[PDB]
Amino acid sequence: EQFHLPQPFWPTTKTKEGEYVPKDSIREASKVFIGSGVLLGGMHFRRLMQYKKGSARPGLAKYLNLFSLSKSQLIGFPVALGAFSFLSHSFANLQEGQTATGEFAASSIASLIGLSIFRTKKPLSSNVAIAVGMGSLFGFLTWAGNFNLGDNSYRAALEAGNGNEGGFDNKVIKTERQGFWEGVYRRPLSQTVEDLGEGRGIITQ
Amino acid sequence: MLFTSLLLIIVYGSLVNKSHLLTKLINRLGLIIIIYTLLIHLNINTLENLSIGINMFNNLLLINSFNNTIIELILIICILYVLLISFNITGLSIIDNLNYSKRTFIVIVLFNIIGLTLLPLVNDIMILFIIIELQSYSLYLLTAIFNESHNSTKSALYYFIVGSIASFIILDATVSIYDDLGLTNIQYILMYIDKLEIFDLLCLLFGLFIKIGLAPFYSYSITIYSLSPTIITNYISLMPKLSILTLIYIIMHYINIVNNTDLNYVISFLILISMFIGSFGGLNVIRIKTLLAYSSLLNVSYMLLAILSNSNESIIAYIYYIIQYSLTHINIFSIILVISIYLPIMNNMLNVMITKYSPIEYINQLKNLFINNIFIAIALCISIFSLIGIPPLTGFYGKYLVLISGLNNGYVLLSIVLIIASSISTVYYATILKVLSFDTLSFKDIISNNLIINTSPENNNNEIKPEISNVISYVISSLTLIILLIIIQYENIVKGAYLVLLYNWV
Amino acid sequence: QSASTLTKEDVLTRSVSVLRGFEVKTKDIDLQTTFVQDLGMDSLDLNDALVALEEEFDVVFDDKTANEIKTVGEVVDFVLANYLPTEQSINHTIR
Amino acid sequence: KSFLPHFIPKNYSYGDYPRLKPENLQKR
Amino acid sequence: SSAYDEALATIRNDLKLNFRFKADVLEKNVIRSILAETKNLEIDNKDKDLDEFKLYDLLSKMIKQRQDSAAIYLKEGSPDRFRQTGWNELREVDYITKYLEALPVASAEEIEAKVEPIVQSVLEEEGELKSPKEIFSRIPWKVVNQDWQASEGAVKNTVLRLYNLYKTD
Amino acid sequence: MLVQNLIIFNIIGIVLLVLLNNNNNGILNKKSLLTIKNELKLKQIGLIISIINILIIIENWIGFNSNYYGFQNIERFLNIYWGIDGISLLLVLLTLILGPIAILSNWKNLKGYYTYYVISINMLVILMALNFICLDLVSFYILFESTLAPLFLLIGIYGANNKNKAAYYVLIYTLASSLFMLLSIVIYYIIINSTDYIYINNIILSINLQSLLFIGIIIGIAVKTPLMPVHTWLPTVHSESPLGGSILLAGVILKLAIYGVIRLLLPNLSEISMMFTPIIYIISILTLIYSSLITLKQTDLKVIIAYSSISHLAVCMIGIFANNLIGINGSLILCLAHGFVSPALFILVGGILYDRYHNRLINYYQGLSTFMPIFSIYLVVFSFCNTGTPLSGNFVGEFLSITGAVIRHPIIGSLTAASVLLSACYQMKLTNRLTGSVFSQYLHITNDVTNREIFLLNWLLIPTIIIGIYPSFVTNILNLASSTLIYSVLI
Ligand SMILES: CCCCCCCCCCCCCCCCCC(=O)OC[C@H](COP(=O)(O)OCCN)OC(=O)CCCCCCCCCCCCCCCCC
Ligand SMILES: CCCCCCCCCCCCCCCCCC(=O)OC[C@H](COP(=O)(O)OCCN)OC(=O)CCCCCCCCCCCCCCCCC
Ligand SMILES: CCCCCCCCCCCCCCCCCC(=O)OC[C@H](COP(=O)(O)OCCN)OC(=O)CCCCCCCCCCCCCCCCC
Ligand SMILES: CCCCCCCCCCCC(=O)OC[C@H](COP(=O)(O)OCC[N+](C)(C)C)OC(=O)CCCCCCCCCCC
């Protein structure tokens, strides 16, 4: 029998089997890669014009140096963003949806690919340390439900009757599991055995 | 009352001769004007009558119980600020004469108060543009009131340029909406809320975000608040936020009708970045006003989460938070102005230069405050602990009420990030307290006759001479005890915030 | 911006090169190197060097110091203590 | 003849802390 | 002299970039100062070829000179009004160290990884350590350019640093 | 009556000390009369206030019914409901008894500012004591975090050389972790509209939501016990904080985490607590084993005792997460027994040796029994109490906690018995060295234990042995309160 571990995951809408038309990973990555390279390269040559227009003004030169990108960053940034978009969509197609593990893998690999290009003069272990840190941040971003839970929020649940507006009643027992945001007075004992299993005080000793 | 009394003060100030006493007495007349303005406004505007929302002046303005509360808060905080220029902050002429040397100081404040109070009431795009200019222009004139100061003028130049770019963005957003619909009144535009481009209103919010110093536009406000005189920085860092944030809440109330989640994501991106910059930005700084500038950026991010969620729990969160944060802001700047009297005097490395506009400029000028004035040092500790969010101070309930509204709307990420942001910013909040007190025992038995306060004379050597003036001491005592003992009346105060409605009704 | 970026090694290095272009007895110049003895400058040669060292560092020796200067190190000390960048227009800094 | 106990590093690097050959004082 | 000529090309290139993009003024002073000492270096070592190790000792002297100047100023104060002379010395040390660490020579850890077995083996065969002069003897100061890839002076610093750690008196 | 009197009386005490000691600040430059003998009168008033606080809880103890199920003395004050049960009553009395001890331990070893220290001690004691009598989650959090403000300033003003490091550690480790516990409290108030203990105890939440709420709360609890790997703040804070700060930190502050499990986890998140127990046991067992082996290599006297506290509080965590009465009672008795022995060991190590020699390095001390025989008796006696030698309350707490773990999980709960061996390894390695060999060459002969330090040691030893021999004084009070925490459906 499987281990009964806690599952601390925020509610998400689950697509029915047969749903989830996949997204073209190469096509979507192409738009991010090309659009980023055009902007970053275009903004690079726009700033060179600002350099030529003025180089004896320290105020302009200081601000231009902050926004200046090295040659390896002008290539590495579009590649890292393109690989991110490709791998994020490729893993999402694999898993019939987007998961925090998929985003952690996509972000760390995309970071490591970019870091190995525009951070060549640093130890390899240093680039991996940043890539693990970068990948964890985006995995945490997906785990928290991106920028908002949306239809899975409690306010949304409360508007759909899936909250606790009506209160509780012990006489009512439901075979189906309660909603994520719903609380009940009494539960079927079969649900407890499904969650915890038998053993240390459930049913048997 | 404001408009009528401003005209008399404008003319009267130009008639009488120029002296420091006359300017100080004219400032006290400004204090009476705001008090009468508050009494008249309270006598006619009541929360129960304004719940529906009442149109005025051919529907150009719309006042409701949510707008009315902010107007009274603006008047009350403006009363506390005028006490700074209407009474002695330190009692020493070398420091206090600055507040009495500009006769147009009180006139500009009355000009700006009119703009501050009318801005949340705007009900038309034409009057929205006019009022946001009226508020902005007065802020520029106040930032440049000390025109013989190089830093004060440089700040006003930066303020004018950035605030004009934001105003053009605001104007460009309203012109786009008028082009789409051919309508100017907000309530008329609400009839077409489902057909106009909603991101035309995000452009309107973007111009408002610049004027409150939100990231990524935070750079200019951090620069301006640090370069301006402490008396100027006290006003300009707080007053624009009271009105603009209230207006942002009303605009976001209309935006939520169509429920555009793409717009919610862009704003969440700006809040997320501002939490990161507000917390990590203040870790390596040596100026107190630069530190407080990042504190302001951080607390605005907290309020914008309540504004973004925009629900019944958000009205209570925003209303309570804005009131308690204004009092904490007023209390901290009052203490910083006072404690310049404990500054040592030379009789040198790093060639540190301190000016008359900002005698307290570095965090380590707060050293040994626990020894010089224990009651004031504790008052500053209570305020800083409130910014940290230590219960049961007012700052704790502010973060608690913000989290409730944010988590109720599914903003899991922003609720976690702000709590991490609170922990990170605690590092530089604690550094203030470390400077105030941590060297008390290793310095208790030292001879410090080189302070600024020691330059003052003594009357008779048989009288008791208070070291701090009466009015400024009572204000610090009152605000500190309100921050400390809010637990006594928290239940009654939050029940009042339940009644403040923004078209809830039923 | 309006602060010096001078080091003692750069000022000495620039001083030596400017002094090398003159007709001096020795090209081996250090801080202790005197003008009259080691380099061999009369009244007029010394003041030609001082003005030449003025133009290089954009500094102006005061009359009291210039008349009483003996060594190369004294010049390096003077430049480090008195050098200020020239004020720029109202647009160079803020823009 | 006499040998050091186990788990005694042959080198270490702790900044400016003096570096010395490990001497088991029990054998003095 | 292939590495020396390649190294001096990057220093010249950074000078061209600095004038082009108006980079930090102090960096312009550093590169200009390096080139002048290189100009002196070429005169006194003609026909002898210029390995990067002889360039390494040139930048080492510049780094050590400014650190000594920085130490005095950061203790008794900088002479300029803005008190930036002491920090300017250390800022230049960073610029010089950037080029020093780009030369194809051994790092501090590689040189210490070869002298530390020698310092320890001296002390165990003799008991007490008094002067570094007993450690210079067991150093092959003839072939430390391709087996160790270090200059004559960088080994001297490594021994002196290690000696002060291991000295018993 | 209890909460209202305990707050009103102490505010009057706080205001009284401020009025007397601050009436002469105004360039009087006088010599006063209360400043004599290191502010003796102001110290004595604060000492009296601490004892009176113990009298207040007694008046409510006389009317306590050990055969009543539910909270008693239910009161409303400041719009908050306050109540007491068997578990809360004992923790309140433990908290208040340590109040006079904290003041008396620092009776004459402060460089100055005695009025500030006494107020902060009495302020810390009341806030911690009030944390056991609140009846909602928000009131629990308010009192949980309110202690950070005085504790942060207490360390930074009266602390040792590295006080700045220790003040930041306690403020940031505890505040950041508790904010995660605040997130769970906010969720409760959102979906249930109340944080009342009784109201939330009856609601069953979805098994996924119970997991998220458990993790939020356990983060705040795990840092404050502390457990591995978030324990690194405690050894730094204990070695630099003043003696009274170490006593309150080692006697009360750590026990709030166990009470957090009793209130915030067991009765409301009952289903998910059973799921998390193996994870809790693994973390706690490794906390016990790792802290014991790490304690061997320590060289600071006050840090050795700090790591000893972590090992025993891992055993308290193991017992409280046993789903039986034996483990729960054993964990509670071990909390009280630790609440006396651990402060005593800090007095011996950081209050007697440090006040004479001002050095906490282990290498300076040996053979102390030659010229400090009275110190050696108390050091040896408390060392055996600290290792759970029978006749001590520590053993009764440890044996029942280990037994409760074995009953809960026979396989992995048996590893808890390593507390018997490992605790004696590091504690008797330190004691065997302080009392062994010739009197140290680095020390000069000085006075032995004084009357004040004898008094402190005796009145921390006496409760430990009374509980050790007749724990039914405590188990009778806890019996009906502890039985409500058990979750099981036997068919
Ligand atoms: C004749 C040619 C005319 C060319 C006109 C454009 C001028 C050159 C500019 C380069 C192109 C970038 C802008 C493209 C339009 C703006 C983005 C957009 O609207 O999406 C278009 C493109 C395709 O997406 P699509 O699905 O077809 O559009 C929706 C259809 N229902 O979506 C994309 O994938 C565009 C690529 C965007 C991703 C790269 C940008 C992110 C990385 C760079 C960030 C730039 C700096 C950050 C700015 C924010 C700072 C706070
Ligand atoms: C196309 C032009 C480039 C795009 C610029 C975008 C500007 C707006 C974006 C918002 C950031 C506003 C901050 C101020 C803008 C920074 C201006 C800038 O680009 O300068 C680059 C700056 C200098 O870095 P430096 O490498 O020393 O200079 C280059 C030397 N050649 O390097 C920096 O320090 C920039 C980083 C500033 C800090 C921003 C951090 C925001 C938070 C990001 C993490 C969010 C945290 C949550 C993560 C969890 C979710 C995954
Ligand atoms: C270094 C610190 C200094 C302190 C060191 C010494 C500490 C004091 C030692 C005693 C510890 C206190 C525990 C005794 C307190 C009295 C407990 C008690 O209440 O006993 C009640 C007992 C049964 O109760 P009941 O039948 O209900 O009748 C009484 C109704 N009220 O009724 C009875 O029959 C009373 C019987 C009491 C017997 C005397 C107890 C004294 C201890 C001797 C026995 C200890 C156990 C033996 C251990 C020997 C070694 C293995
Ligand atoms: C139960 C709720 C109580 C709330 C009230 C708190 C006390 C108010 C003290 C004000 C008077 C004062 O600053 O007085 C100062 C007094 C006594 O200092 P002293 O040694 O005489 O000063 C020296 C004078 N000499 C030189 C003449 C001897 O310091 C105290 O009292 C300190 C108590 C507060 C410390 C913790 C601050 C935490 C802030 C956030 C709390 C959540």
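In this analysis, Cβ positions are derived from the backbone assuming ideal geometry, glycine residues included, and neighbour counts consider all displayed protein chains. Since every read-out is calculated from the coordinates, none of them should be taken as a lab result.
Taking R0 as 41 Å, what's the FRET efficiency between F:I58 and F:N451 from their Cβ-Cβ distance, rounded to 0.05?
On the way: r = 26 Å, r/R0 = 0.64.
Given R0 = 41 Å and the Cβ-Cβ separation, E is 0.95.
Please compute the contact order of the range E:54-169 in relative form: average sequence separation of alpha-carbon pairs under 8 Å and at least six residues apart, divided by the residue count, as a percent.
Working: 93 pairs, mean separation 32.0, N = 116.
Relative contact order here is 28 percent.
Expressed as a rounded percentage, what relative contact order does the range F:285-444 have, with Cα pairs under 8 Å and six or more residues apart?
Relative contact order here is 34 percent.
Between the range B:232-271 and the range A:45-69, what is the separation of their alpha carbon centroids in Å?
First find each Cα centre; the distance between them is then 34 Å.
What is the fewest-to-most order of B:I189, B:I198, A:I26 by other Cβ atoms lying within 10 Å of their Cβ? Numbers along the way, then the final one.
Details: B:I189 21, B:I198 17, A:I26 11.
Taking fewest neighbouring Cβ atoms as first place, the list is A:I26, B:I198, B:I189.
Using Cα centres only, tell me the gap between the range E:1-54 and the range F:241-260 in whole Å.
Going from one Cα centre to the other spans 63 Å.
Tell me whether the range F:253-294 comes out rounded, prolate or oblate; compute the Cα gyration tensor, take square roots of the eigenvalues as a ≥ b ≥ c, and use a/c under 1.5 as the rounded threshold. Before the final figure, lay out the partial values.
Numbers: a/c = 5.86, a/b = 1.51, b/c = 3.87.
It comes out oblate by the Cα gyration axes.
Which links in F:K108/F:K165; A:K121/E:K98; B:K399/F:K255; B:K444/F:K165 stretch past 19 Å when you go from one Cα to the other? Don't skip to the end; give the middle numbers.
Values: F:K108/F:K165 25 Å; A:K121/E:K98 12 Å; B:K399/F:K255 27 Å; B:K444/F:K165 22 Å.
Pairs exceeding 19 Å: F:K108/F:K165; B:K399/F:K255; B:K444/F:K165.
I need the phi-derived Karplus couplings for the range A:83-88: 6.51 cos²θ - 1.76 cosθ + 1.60, θ = phi - 60°, integer Hz, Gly and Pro marked x.
Per residue, the Karplus-derived 3J(HN,Hα) values read 5, 4, 4, 5, 5, 5 Hz.
Taking neighbour counts of Cβ atoms within 10 Å as a proxy for exposure, in what order, fewest first, do F:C316, F:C425, B:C381 appear?
Working: F:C316 27, F:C425 14, B:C381 21.
Ascending Cβ contact count within 10 Å gives the list F:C425, B:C381, F:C316.
Show the residues, 5+ positions off or on another chain, whose built amide H is closer than 5 Å to the amide H of B:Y362.
B:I288
Grab the beta carbon distance between F:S32 and B:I286, set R0 = 56 Å, and tell me the FRET efficiency rounded to 0.05. Can you show the working numbers first?
Details: r = 38 Å, r/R0 = 0.69.
That pair, F:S32 with B:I286, gives E of 0.90.
Taking amide H positions as placed 1.01 Å from N in the peptide plane, with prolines and chain starts having none, which residues 5 or more places from A:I203, or on another chain, fall under 5 Å of its amide H?
Close amide H contacts, sequence-distant or interchain: F:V489, F:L490, F:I491.
Sort the range E:99-169 into rounded, prolate or oblate with this rule: let a ≥ b ≥ c be the square roots of the eigenvalues of the Cα gyration tensor; rounded if a/c is under 1.5, and if a/c is not under 1.5, prolate when a/b is larger than b/c, oblate otherwise.
prolate
Can you list the HN-Hα couplings for the range F:37-49, worked out from phi with the Karplus curve (6.51, -1.76, 1.60; θ = phi - 60°), rounded to whole Hz and with x for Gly and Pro?
Working through the residues one at a time gives 6, 6, 6, 5, 5, 5, 5, 5, 5, x, 5, 5, 4 Hz.
Starting from the 7 Å offset along Cα-to-Cβ, what nm value, one decimal, do you get for the label separation of C:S2 and B:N256?
Output for this residue pair reads 5.0 nm.
What's log10 of I(q)/I(0) for chain A at q = 0.12, 0.19 Å⁻¹, Debye sum over Cα points only, no solvent?
With no solvent term, the Cα-only Debye profile gives -0.86, -1.33.
Can you give me the long-range amide H partners of F:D136? Hydrogens built in the peptide plane at 1.01 Å from N, cutoff under 5 Å, separation of 5 or more residues or another chain.
F:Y197
Based on alpha-carbon centroids, what's the gap between the range A:95-165 and the range F:23-70 in Å, whole number please?
54
If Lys and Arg each add +1 and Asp and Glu each add -1, what is the summed charge of the other residues whose beta carbon sits under 11 Å from the beta carbon of F:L301?
Working: positive: F:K302, F:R360, F:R433; negative: F:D300.
That works out to +2.
With θ set to phi - 60° and the Karplus curve 6.51 cos²θ - 1.76 cosθ + 1.60, what are the ³J(HN,Hα) couplings of the range B:21-35 in order, to the nearest whole Hz, using x for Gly and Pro?
4, 5, 5, 5, 5, 5, 4, 5, 5, x, 5, 5, 5, 5, 5
Which one, E:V144, E:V155, E:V93, has the greatest fluctuation when you compute a Gaussian network model over chain E with C-alpha springs under 10 angstrom?
Comparing E:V144, E:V155, E:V93 in a Gaussian network model of chain E, the most mobile one is E:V144.
Under the rule a/c < 1.5 gives rounded, and otherwise a/b versus b/c splits prolate from oblate, where does the protein assembly as shown land using the Cα gyration tensor?
On the way: a/c = 1.41, a/b = 1.12, b/c = 1.25.
Rounded, since a/c falls under 1.5.
Exposure proxy check: B:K367, A:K14 ranked by fewest other beta carbons within 10 Å?
Working: B:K367 19, A:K14 9.
Ranking B:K367, A:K14 by Cβ neighbours within 10 Å, fewest first, gives A:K14, B:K367.
Suppose only helical runs count, i.e. DSSP H with n ≥ 4. What mean residue ellipticity at 222 nm does that imply for chain B under -39500 (n - 2.57) per run, divided by all residues and rounded to the nearest 500 deg cm²/dmol? Write out the running numbers ahead of the final one.
Numbers: 21 runs with 336 residues, N = 506.
After summing the helix terms and dividing by the residues of chain B, the value is -22000 deg cm²/dmol.
Under 8 Å for C-alpha pairs, at least 6 residues apart: give me the relative contact order for chain A, rounded to a whole percent.
Details: 184 pairs, mean separation 39.5, N = 205.
Relative contact order of chain A: 19 percent.
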